[PDB]
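Taking it in order: structure first as structure tokens, then the write-up.
FYI the Cβ positions are ideal-geometry reconstructions off the backbone, even for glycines, and counts take in every protein chain you see. Basis: the model, the stated rules and, where named, an outside source; none is laboratory data.
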Amino acid sequence: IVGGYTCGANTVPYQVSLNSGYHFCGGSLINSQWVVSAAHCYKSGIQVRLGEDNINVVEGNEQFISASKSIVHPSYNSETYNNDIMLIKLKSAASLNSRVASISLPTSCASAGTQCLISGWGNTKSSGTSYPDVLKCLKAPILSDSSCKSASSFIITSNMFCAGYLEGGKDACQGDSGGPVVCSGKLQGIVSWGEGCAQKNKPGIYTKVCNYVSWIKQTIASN
Ligand SMILES: N=C(N)NCCC[C@@H](NS(=O)(=O)Cc1ccccc1)C(=O)NCC(=O)NCc1ccc(C(=N)N)cc1
Ligand SMILES: [Ca+2]
């Protein structure tokens, strides 16, 4: 997250860290046994880390649980990032508490202008590199699709939306991948892509979760 702020320990209790020997992606806890992340975060041997603030210190509220199954969206396309969503089932159910909590799926899509919260442990600089140890947060509005589309030479599909700032300075970044965009208590977005970070005319592109609720519910019911 570039241009955000320190969230505060466990103030984003659905935020998870995906770890394969080191943090590599974010994700969102949607019930005690399931996490939503990005398909581009797919990796063999994922451990889900719940209740994290400082990802380099055991602070006392963590649950580490190995994935039993990863399910990348059937139609994920790695060249366009269309359908950039993945479900991860935990080997055992997380113990839900005030610091480890699930976030609701949306029932309707969110409208441009709505305020959302984006969070993660990704790069905090638009140029250069600094990876934070504690969770960072950014309040950011959903943008018009048209402006979203003008901002890129790459395809923006109906499964994507833009959120953030065209004037730069505030954005998600590498390492935030797979993490939540939560708007009015609903998981509306997943950190997907963007050209650099926090650059002028290159806001963030997010997977449009409201399009996937039937898939998420059916998959969870059958697995
Ligand atoms: N097919 C498309 N759409 N290609 C455009 C996006 C590719 C890539 N963008 S990028 O970070 O590497 C920027 C870039 C690098 C070299 C040359 C030009 C631009 C990218 O975003 N790849 C996936 C990735 O890196 N995701 C992590 C991520 C998370 C958040 C942001 C953000 N700014 N909000 C960006 C990237
Ligand atoms: Ca920790």
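Suppose the filter is touching a residue at least 40 places away in the same chain (Cβ under 8 Å), under 17 Å from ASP84 (Cα atoms) and within 11 Å of ligand 1 (Cβ to nearest atom); does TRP215 pass it? Don't jump to the end; show me each part of the working.
Values: touching a residue at least 40 places away in the same chain (Cβ under 8 Å): yes; under 17 Å from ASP84 (Cα atoms): yes; within 11 Å of ligand 1 (Cβ to nearest atom): no.
So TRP215 does not fit the description; no.
Would you tally the residues in the range 39-66 being crowded, with 17+ Cβ neighbours inside 10 Å and within 16 Å of ligand 1 (Cβ to nearest atom)?
4
Looking at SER177, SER146 in this structure, which one is closer than 13 Å to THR207 by Cβ and either of a type in the set (A, V, I, L, M) or not in a strand (DSSP E or B) (or both)? It would help to see each step written out before you state the result.
Details: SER146 fails: closer than 13 Å to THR207 by Cβ.
Selected residue: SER177, the only one of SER177, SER146 that is closer than 13 Å to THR207 by Cβ and either of a type in the set (A, V, I, L, M) or not in a strand (DSSP E or B) (or both).
Scan (1) in the same structural domain as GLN33 (by CATH); (2) assigned to a loop (DSSP other than H, G, I, E, B) for the single condition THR107 breaks and write down its number.
All conditions pass for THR107, except number (1).
In the list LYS125, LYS69, which residue meets the criterion of being assigned to a strand (DSSP E or B), surrounded by fewer than 18 Cβ atoms within 10 Å (Cβ to Cβ) and in contact (Cβ under 8 Å) with a residue 40 or more places away in the chain?
Criteria check complete, one pass: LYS69.
Give the range 165-200 a look and list any residue that's of a type in the set (A, V, I, L, M) and buried (at least 22 other Cβ atoms within 10 Å of the Cβ), or say none.
Filtering the range 165-200 down to residues of a type in the set (A, V, I, L, M) leaves 166, 172, 181-182, 187, 190-191, 198.
Once the filter is applied, which keeps residues that are of a type in the set (A, V, I, L, M) and buried (at least 22 other Cβ atoms within 10 Å of the Cβ), the range 165-200 yields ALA172, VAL181, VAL182, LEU187, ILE190, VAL191, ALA198.
Go through the range 34-55 and count every residue that is under 18 Å from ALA94 (Cβ atoms), assigned to a loop (DSSP other than H, G, I, E, B) and either free of Cβ contacts under 8 Å to residues at least 60 places away in the same chain or touching a helix residue (DSSP H, G or I) at 6+ places or on another chain (Cβ under 8 Å) (or both).
Residues flagged as under 18 Å from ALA94 (Cβ atoms), assigned to a loop (DSSP other than H, G, I, E, B) and either free of Cβ contacts under 8 Å to residues at least 60 places away in the same chain or touching a helix residue (DSSP H, G or I) at 6+ places or on another chain (Cβ under 8 Å) (or both) within the range 34-55 amount to 2.
Checking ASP133 against (1) more than 16 Å from ligand 2 (Cβ to nearest atom); (2) farther than 12 Å from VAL2 by Cβ; (3) surrounded by fewer than 20 Cβ atoms within 10 Å (Cβ to Cβ); (4) not β-branched (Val, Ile, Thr), which single condition isn't satisfied?
(1)
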